[PDB]
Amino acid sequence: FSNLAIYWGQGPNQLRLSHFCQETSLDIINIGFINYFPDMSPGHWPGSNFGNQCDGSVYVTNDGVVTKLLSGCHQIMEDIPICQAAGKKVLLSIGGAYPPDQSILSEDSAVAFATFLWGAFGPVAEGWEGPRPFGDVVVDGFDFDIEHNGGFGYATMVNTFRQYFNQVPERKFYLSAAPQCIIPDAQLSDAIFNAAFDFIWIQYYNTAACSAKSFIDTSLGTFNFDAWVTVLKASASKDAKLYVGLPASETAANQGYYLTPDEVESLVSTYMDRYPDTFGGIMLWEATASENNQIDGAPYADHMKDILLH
């Protein structure tokens, strides 16, 4: 039975997370982004951006270095557990679109980047002494939305997280990836091939050559979900569920990539029938675009769920 994932955190004038915690149709919420990586950011701490959510306070380290990690995200801290008591999985997303100049420079820093995020946003640990930006919150895992600068270091972060997950056997944690169509994917093919993700949502918008709309109009490009299944079945990610990532309204992505619920039904019905043990559902970019695209009294994502359930 098939799932609906959605991104929240980067919506203009977005409602707070708890508004989406109450939308039953949501299965998984990815929260973006940890958009500053340790190698290029103050103090070698990662940094975060959550739109109108946190107050804008950043941590300053014991050394008095002013970081780019937001320290005043009180609404997110309150909201994540609500979502989790509604049975949703909340994943913390790494990367996104802005800024476009972040990457990982060494395997060492790839290990420290995952260890930092696990200390900061994972279970509360006795020996941890860094920030706890969401306090006692424990996210359900991490999403890799790497959109620039190549694929170095991410397989190592994923493998690192998994080693940590295993030290905590009583709870299942999750790893996911958001690549683009154009494959190999410059940022994430290596991670996908060489590490186990639970979920992979291919972004099927913003690239003309293989978009979801090219499914509807086959002269625009060639929709390539078939090739992606073949790649996945030889990867360390062979047990991943593979989702179709879509814009939740006309303006959530560049012109021409939004599909109407009718087009969505055609695509999804073919791919769910063709790949019943691999197809995972729909990912949506993003929560605020979906909230603002009300069709017959319900947001776009409610309609996506209805499509998936039938």
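For every residue, the number given is its place in the sequence shown, counted from 1.
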Do the C-alpha atoms of 213 to 221 or of 236 to 244 have the higher average B factor in the entry? 213 to 221
Looking only at CA atoms, which has the higher mean B factor in the entry: 32 to 40 or 62 to 70? 62 to 70
From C54, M283, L259, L26, the top C-alpha temperature factor is at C54
Cα B factor band for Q180 (lowest, middle or highest third within the chain): lowest
Among the modelled residues of its chain, does the C-alpha B-factor of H148 lie in the lowest, middle or highest third? middle
Ranking every modelled residue in this chain by its Cα temperature factor as given in the entry, which third contains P81? lowest
Ordered by C-alpha B-factor within the chain, which third holds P131? Give me lowest, middle or highest, please. middle
Ordered by C-alpha B-factor within the chain, which third holds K88? Give me lowest, middle or highest, please. middle
